[PDB]
$ cat target30.txt   # compact mmCIF, C-alpha atoms
# COMPACT_ATOMS: atom_id res chain seq x y z
CA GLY A 1045 184.82 253.96 75.41
CA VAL A 1046 186.52 250.72 76.51
CA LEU A 1047 188.78 250.95 79.55
CA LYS A 1048 190.20 247.44 79.29
CA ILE A 1049 189.57 243.97 77.89
CA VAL A 1050 190.30 240.44 79.06
CA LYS A 1051 190.07 237.49 76.69
CA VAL A 1052 189.85 233.95 78.08
CA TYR A 1053 190.22 230.78 76.00
CA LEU A 1054 188.46 227.62 77.20
CA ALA A 1055 189.45 224.20 75.85
CA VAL A 1056 186.45 221.85 76.05
CA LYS A 1057 186.87 218.14 75.24
CA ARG A 1058 183.66 216.89 73.61
CA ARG A 1059 183.12 213.12 73.57
CA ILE A 1060 181.01 211.32 71.00
CA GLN A 1061 177.46 210.93 72.29
CA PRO A 1062 173.97 210.04 71.05
CA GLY A 1063 172.69 212.62 68.58
CA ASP A 1064 175.92 213.66 66.89
CA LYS A 1065 176.02 213.27 63.12
CA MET A 1066 178.45 210.82 61.53
CA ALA A 1067 178.95 210.08 57.85
CA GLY A 1068 180.92 208.15 55.27
CA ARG A 1069 182.64 209.38 52.14
CA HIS A 1070 179.95 208.01 49.80
CA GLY A 1071 176.97 209.99 51.09
CA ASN A 1072 175.86 207.62 53.85
CA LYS A 1073 174.89 209.66 56.91
CA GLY A 1074 173.31 209.17 60.28
CA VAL A 1075 172.65 210.10 63.88
CA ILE A 1076 174.31 207.96 66.54
CA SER A 1077 171.29 206.35 68.15
CA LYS A 1078 172.57 204.33 71.11
CA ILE A 1079 175.89 203.34 72.67
CA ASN A 1080 175.77 199.63 73.55
CA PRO A 1081 178.02 197.71 75.94
CA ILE A 1082 180.79 195.76 74.23
CA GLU A 1083 179.01 192.49 74.99
CA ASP A 1084 175.90 193.19 72.92
CA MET A 1085 177.66 193.74 69.61
CA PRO A 1086 177.73 190.76 67.23
CA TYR A 1087 181.05 188.96 67.29
CA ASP A 1088 183.02 186.91 64.79
CA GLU A 1089 183.94 183.27 65.30
CA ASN A 1090 187.30 184.52 66.59
CA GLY A 1091 185.58 186.69 69.21
CA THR A 1092 186.34 190.19 67.93
CA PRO A 1093 183.18 192.33 68.24
CA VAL A 1094 182.03 194.72 65.55
CA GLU B 7 170.18 163.14 86.51
CA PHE B 8 173.05 165.43 85.49
CA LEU B 9 176.83 165.77 85.38
CA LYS B 10 178.99 168.76 86.25
CA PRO B 11 181.98 170.59 84.74
CA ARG B 12 185.37 170.35 86.45
CA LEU B 13 188.30 172.60 85.56
CA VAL B 14 190.83 170.51 83.62
CA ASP B 15 194.14 171.61 82.04
CA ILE B 16 194.38 175.39 81.64
CA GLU B 17 197.00 176.19 79.03
CA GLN B 18 198.73 179.55 78.61
CA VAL B 19 199.98 180.14 75.07
CA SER B 20 201.36 183.63 75.75
CA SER B 21 201.60 185.80 78.84
CA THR B 22 198.37 187.54 77.76
CA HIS B 23 196.60 184.73 75.91
CA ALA B 24 195.09 181.74 77.70
CA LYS B 25 192.75 178.86 76.86
CA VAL B 26 190.67 177.34 79.66
CA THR B 27 188.78 174.10 79.06
CA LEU B 28 185.78 172.54 80.83
CA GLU B 29 185.47 168.90 79.86
CA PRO B 30 182.34 167.16 81.26
CA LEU B 31 179.52 169.43 80.04
CA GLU B 32 176.09 167.92 79.42
CA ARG B 33 174.45 168.49 76.04
CA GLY B 34 172.84 171.91 75.74
CA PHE B 35 174.74 173.73 78.48
CA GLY B 36 177.80 174.24 76.29
CA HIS B 37 176.34 177.35 74.71
CA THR B 38 174.61 178.51 77.89
CA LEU B 39 177.80 178.55 79.94
CA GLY B 40 179.90 179.80 77.05
CA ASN B 41 177.69 182.84 76.65
CA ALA B 42 177.01 183.56 80.32
CA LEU B 43 180.73 183.40 81.09
CA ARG B 44 181.57 185.54 78.06
CA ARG B 45 179.12 188.19 79.23
CA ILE B 46 180.27 188.33 82.84
CA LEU B 47 183.95 188.20 81.90
CA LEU B 48 183.70 191.10 79.47
CA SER B 49 181.49 193.23 81.71
CA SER B 50 182.41 192.79 85.37
CA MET B 51 186.02 191.65 85.78
CA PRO B 52 187.68 193.91 88.41
CA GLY B 53 190.95 195.40 87.23
CA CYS B 54 193.45 198.16 87.91
CA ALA B 55 194.00 201.32 85.89
CA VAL B 56 195.64 204.72 86.26
CA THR B 57 193.20 207.27 87.65
CA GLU B 58 195.17 210.52 87.89
CA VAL B 59 198.57 212.00 87.10
CA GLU B 60 200.52 214.94 88.53
CA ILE B 61 203.50 216.34 86.61
CA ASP B 62 205.23 219.27 88.27
CA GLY B 63 205.75 221.99 85.66
CA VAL B 64 202.40 221.54 83.88
CA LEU B 65 199.22 223.43 84.71
CA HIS B 66 196.94 221.80 82.12
CA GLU B 67 196.89 219.01 79.55
CA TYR B 68 197.64 221.38 76.68
CA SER B 69 201.00 222.90 77.66
CA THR B 70 204.37 221.36 76.78
CA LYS B 71 207.60 220.43 78.53
CA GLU B 72 211.06 221.53 77.48
CA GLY B 73 213.10 218.64 76.11
CA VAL B 74 210.23 216.20 75.50
CA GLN B 75 208.59 215.39 72.18
CA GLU B 76 205.16 214.04 73.12
CA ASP B 77 202.61 216.60 74.25
CA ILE B 78 201.27 216.39 77.79
CA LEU B 79 198.05 215.04 76.31
CA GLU B 80 199.99 212.28 74.58
CA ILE B 81 201.77 211.38 77.82
CA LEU B 82 198.36 211.02 79.47
CA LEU B 83 197.12 208.86 76.59
CA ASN B 84 200.21 206.67 76.96
CA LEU B 85 199.73 206.33 80.72
CA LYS B 86 196.12 205.25 80.23
CA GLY B 87 197.44 201.94 78.88
CA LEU B 88 199.84 201.22 81.74
CA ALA B 89 199.08 197.69 82.97
CA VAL B 90 199.84 197.31 86.69
CA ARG B 91 199.06 194.58 89.24
CA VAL B 92 198.56 195.87 92.80
CA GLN B 93 198.05 193.28 95.53
CA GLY B 94 197.07 194.84 98.84
CA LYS B 95 196.22 198.53 98.71
CA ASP B 96 193.52 200.06 96.54
CA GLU B 97 195.25 203.39 95.79
CA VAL B 98 198.98 203.47 94.96
CA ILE B 99 201.05 206.55 94.12
CA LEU B 100 203.92 205.57 91.81
CA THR B 101 206.76 208.06 91.20
CA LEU B 102 208.52 208.33 87.82
CA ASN B 103 211.76 210.34 87.78
CA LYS B 104 214.10 210.28 84.78
CA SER B 105 216.68 212.61 83.24
CA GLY B 106 218.85 212.68 80.14
CA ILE B 107 218.29 211.63 76.55
CA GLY B 108 216.39 208.40 76.09
CA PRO B 109 212.95 206.83 75.86
CA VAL B 110 211.42 206.81 79.33
CA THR B 111 209.65 203.45 79.53
CA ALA B 112 207.60 202.04 82.39
CA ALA B 113 210.59 200.14 83.79
CA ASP B 114 211.97 203.45 85.08
CA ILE B 115 209.07 203.63 87.54
CA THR B 116 210.26 203.41 91.13
CA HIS B 117 209.62 199.79 92.05
CA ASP B 118 207.33 199.35 95.03
CA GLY B 119 206.81 196.04 96.77
CA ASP B 120 203.11 195.56 96.09
CA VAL B 121 203.11 196.76 92.44
CA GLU B 122 204.01 194.57 89.45
CA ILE B 123 204.55 196.27 86.09
CA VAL B 124 203.40 193.59 83.66
CA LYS B 125 205.34 194.82 80.59
CA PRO B 126 208.29 196.94 81.79
CA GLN B 127 209.20 197.71 78.16
CA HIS B 128 206.08 199.84 77.61
CA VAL B 129 207.15 203.25 76.34
CA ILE B 130 205.87 206.41 78.04
CA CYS B 131 207.79 209.40 76.68
CA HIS B 132 210.92 210.41 74.75
CA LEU B 133 213.43 212.87 76.17
CA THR B 134 215.58 214.86 73.77
CA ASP B 135 217.91 216.95 75.96
CA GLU B 136 220.85 216.05 78.18
CA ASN B 137 219.52 218.12 81.10
CA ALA B 138 215.81 217.49 80.49
CA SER B 139 214.30 215.76 83.52
CA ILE B 140 210.70 214.71 84.20
CA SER B 141 209.21 213.88 87.59
CA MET B 142 205.63 212.75 88.06
CA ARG B 143 203.26 210.98 90.44
CA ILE B 144 200.75 208.49 89.00
CA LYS B 145 197.81 207.58 91.26
CA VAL B 146 196.36 204.18 90.35
CA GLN B 147 193.11 202.82 91.80
CA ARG B 148 191.23 199.53 91.69
CA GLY B 149 187.82 199.49 90.04
CA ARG B 150 185.48 197.56 87.78
CA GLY B 151 184.08 198.64 84.41
CA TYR B 152 184.50 202.05 82.78
CA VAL B 153 184.30 205.45 84.51
CA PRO B 154 185.16 208.64 82.59
CA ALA B 155 186.77 211.78 83.96
CA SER B 156 183.53 213.76 83.79
CA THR B 157 181.41 211.45 85.96
CA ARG B 158 184.00 211.07 88.73
CA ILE B 159 183.61 214.81 89.46
CA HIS B 160 180.73 213.88 91.77
CA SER B 161 183.32 212.90 94.40
CA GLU B 162 185.32 216.10 93.76
CA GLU B 163 186.14 216.59 97.47
CA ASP B 164 188.05 219.87 97.05
CA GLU B 165 190.03 219.19 93.88
CA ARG B 166 191.83 222.51 94.60
CA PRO B 167 195.29 221.44 93.37
CA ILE B 168 195.32 222.64 89.76
CA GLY B 169 198.24 220.27 89.20
CA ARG B 170 195.94 217.26 89.36
CA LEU B 171 195.29 215.78 85.91
CA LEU B 172 192.32 213.42 85.68
CA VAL B 173 192.46 210.46 83.28
CA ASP B 174 189.53 208.38 82.09
CA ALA B 175 189.54 205.04 83.92
CA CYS B 176 189.06 201.92 81.79
CA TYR B 177 188.93 199.62 84.82
CA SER B 178 188.81 196.36 82.89
CA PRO B 179 191.64 193.91 82.08
CA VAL B 180 189.75 191.48 79.83
CA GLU B 181 190.23 192.43 76.17
CA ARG B 182 188.68 189.54 74.22
CA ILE B 183 186.69 186.35 74.90
CA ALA B 184 185.52 183.52 72.63
CA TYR B 185 184.18 180.04 73.35
CA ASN B 186 184.08 176.81 71.33
CA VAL B 187 181.77 173.89 72.16
CA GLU B 188 183.23 170.68 70.72
CA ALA B 189 182.08 167.11 71.24
CA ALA B 190 184.33 165.52 73.87
CA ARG B 191 183.74 161.87 73.12
CA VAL B 192 184.72 160.01 76.30
CA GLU B 193 184.95 156.29 75.70
CA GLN B 194 181.99 155.55 78.03
CA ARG B 195 179.21 158.08 77.51
CA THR B 196 176.70 159.22 74.86
CA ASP B 197 176.34 163.04 74.58
CA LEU B 198 178.95 165.26 76.30
CA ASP B 199 180.66 168.43 75.13
CA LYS B 200 183.77 170.42 76.00
CA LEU B 201 183.94 174.19 76.44
CA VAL B 202 187.14 175.88 75.25
CA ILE B 203 187.22 179.50 76.43
CA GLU B 204 189.97 181.47 74.69
CA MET B 205 190.68 184.76 76.45
CA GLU B 206 193.07 187.62 75.72
CA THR B 207 193.78 190.13 78.49
CA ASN B 208 196.28 192.88 79.27
CA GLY B 209 198.14 190.43 81.52
CA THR B 210 196.68 191.39 84.90
CA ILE B 211 194.02 188.80 85.76
CA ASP B 212 195.13 185.19 85.63
CA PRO B 213 192.70 182.91 83.76
CA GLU B 214 191.67 180.62 86.62
CA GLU B 215 190.83 183.55 88.88
CA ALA B 216 188.86 185.26 86.11
CA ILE B 217 186.71 182.20 85.41
CA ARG B 218 186.20 181.60 89.13
CA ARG B 219 185.16 185.21 89.74
CA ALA B 220 182.65 185.10 86.89
CA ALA B 221 181.15 181.87 88.18
CA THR B 222 180.94 183.49 91.62
CA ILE B 223 179.00 186.50 90.38
CA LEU B 224 176.59 184.44 88.29
CA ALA B 225 176.01 182.08 91.22
CA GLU B 226 175.19 184.98 93.54
CA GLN B 227 172.64 186.38 91.11
CA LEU B 228 171.06 182.95 90.68
CA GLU B 229 170.99 182.57 94.46
CA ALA B 230 168.90 185.71 94.75
CA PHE B 231 166.79 184.58 91.79
CA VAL B 232 165.87 181.03 92.84
CA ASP B 233 164.02 182.05 96.00
CA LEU B 234 160.77 183.88 95.21
CA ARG B 235 159.07 185.93 97.94
CA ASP B 236 156.22 187.23 95.75

$ encode --input "target30.txt" --output "structure tokens"
Amino acid sequence: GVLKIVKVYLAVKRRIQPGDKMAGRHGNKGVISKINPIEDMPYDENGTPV
Amino acid sequence: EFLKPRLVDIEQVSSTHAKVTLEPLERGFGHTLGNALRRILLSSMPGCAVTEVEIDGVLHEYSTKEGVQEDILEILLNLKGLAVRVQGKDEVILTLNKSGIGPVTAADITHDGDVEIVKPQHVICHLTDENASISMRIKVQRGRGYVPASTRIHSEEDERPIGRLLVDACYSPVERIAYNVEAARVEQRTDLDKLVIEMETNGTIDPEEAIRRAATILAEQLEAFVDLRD
């Protein structure tokens, strides 16, 4: 019954965003709640932000 | 009754790393200026970054060239880091053309007058074949902050050429910023402090101009803020 077929592959690049699920190896889990600007994150004495 | 901070010696330890000191700061404004400057510096410093790339024989990021080892996607990722200082124009089109076996670094870029390649040793790709030759056109814009590929589509403006390869623009040269308030005991005075701002950048913005530009932006916002028209 099928005359012909065309398959099309799309490659979609999905960036991390609020609501994806992230986890550790020890059973700690969570939903990414908010993406803050670099400035807001706490920073060490040296100035590297977490 | 107050004093004011004047820019005193501004040492450069490395080409990227610089410490800028402000000596005559009244008690209490050490932290205020440290933090305000840190914030503006990290957020708003205008910088240059690669916006788009066209390589000839490549339709999409996922294909592969003969005689190269990195994937097209990896070449894009490598170009994202290219640190370039453009003086006059906002949009430059650099042309990279190399053949033969060897690591194609940024130095091979065709040197234009207005463009300075901060670290010519930066690697881009590795050829592996005597006759393998890559030609490409990198379009670099000026901009502030962070704009991804997907948002910039708003200004599509007939993106018809399938050869055009959009790259996420991290339009920001300041990498790291810390400040230290230390008592600057001057032989005739009671309570004054020194600000030491240590800043690490990709080697595009010079320290003095960075600090000045931050002070400018903060001053403009405070200008608007002081007057109150209810």

$ closest_atom_pairs --input "target30.txt" --of "chain B" --to "chain A" --cutoff "7 Å" --atoms "all atoms listed in the file" --output "JSON lines"
{"residue": "B:45", "atom": "CA", "partner": "A:1083", "partner_atom": "CA", "distance": 6.0}
{"residue": "B:48", "atom": "CA", "partner": "A:1083", "partner_atom": "CA", "distance": 6.6}
{"residue": "B:182", "atom": "CA", "partner": "A:1091", "partner_atom": "CA", "distance": 6.5}
{"residue": "B:183", "atom": "CA", "partner": "A:1091", "partner_atom": "CA", "distance": 5.8}
{"residue": "B:184", "atom": "CA", "partner": "A:1091", "partner_atom": "CA", "distance": 4.7}

$ residues_around --input "target30.txt" --residues "residue B:96" --least-positions-apart "3" --cutoff "12 Å" --atoms "all atoms listed in the file" --output "PyMOL selection string"
chain B and resi 52-57+91-93+99+120-121+145-149

$ atom_distance --input "target30.txt" --atom1 "atom CA of residue B:81" --atom2 "atom CA of residue B:173"
10.8 Å

$ closest_residue --input "target30.txt" --among "B:77, B:72, B:15, B:29" --to "residue B:200" --atoms "all atoms listed in the file"
B:29

$ residues_near_point --input "target30.txt" --point "(184.6, 203.6, 81.4)" --cutoff "7 Å" --atoms "all atoms listed in the file" --output "PDB file with C-alpha atoms, keeping the file's coordinate frame"
ATOM      1  CA  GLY B 151     184.080 198.640  84.410  1.00  0.00           C
ATOM      2  CA  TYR B 152     184.500 202.050  82.780  1.00  0.00           C
ATOM      3  CA  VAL B 153     184.300 205.450  84.510  1.00  0.00           C
ATOM      4  CA  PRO B 154     185.160 208.640  82.590  1.00  0.00           C
ATOM      5  CA  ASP B 174     189.530 208.380  82.090  1.00  0.00           C
ATOM      6  CA  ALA B 175     189.540 205.040  83.920  1.00  0.00           C
ATOM      7  CA  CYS B 176     189.060 201.920  81.790  1.00  0.00           C
ATOM      8  CA  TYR B 177     188.930 199.620  84.820  1.00  0.00           C
TER       9      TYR B 177
END

$ residues_around --input "target30.txt" --residues "residue B:27" --least-positions-apart "5" --cutoff "10 Å" --atoms "all atoms listed in the file" --output "JSON, numbers by chain"
{"B": [11, 12, 13, 14, 15, 16, 17, 185, 186, 187, 200, 201, 202, 203, 204]}

$ residues_around --input "target30.txt" --residues "stretch 1078-1080 of chain A" --least-positions-apart "4" --cutoff "12 Å" --atoms "all atoms listed in the file" --output "number ranges by chain"
A: 1060-1064, 1074, 1084-1086, 1093-1094; B: 49

$ residues_around --input "target30.txt" --residues "stretch 100-117 of chain B" --least-positions-apart "2" --cutoff "7 Å" --atoms "all atoms listed in the file" --output "ChimeraX atom specification"
/B:98,119,126-145

$ atom_distance --input "target30.txt" --atom1 "atom CA of residue B:164" --atom2 "atom CA of residue B:97"
18.0 Å

$ atom_distance --input "target30.txt" --atom1 "atom CA of residue B:180" --atom2 "atom CA of residue B:38"
20.0 Å

$ axis_aligned_box --input "target30.txt" --around "stretch 180-183 of chain B" --padding-each-side "4 Å" --output "JSON"
{"center_x": 188.5, "center_y": 189.4, "center_z": 77.0, "size_x": 11.5, "size_y": 14.1, "size_z": 13.6}
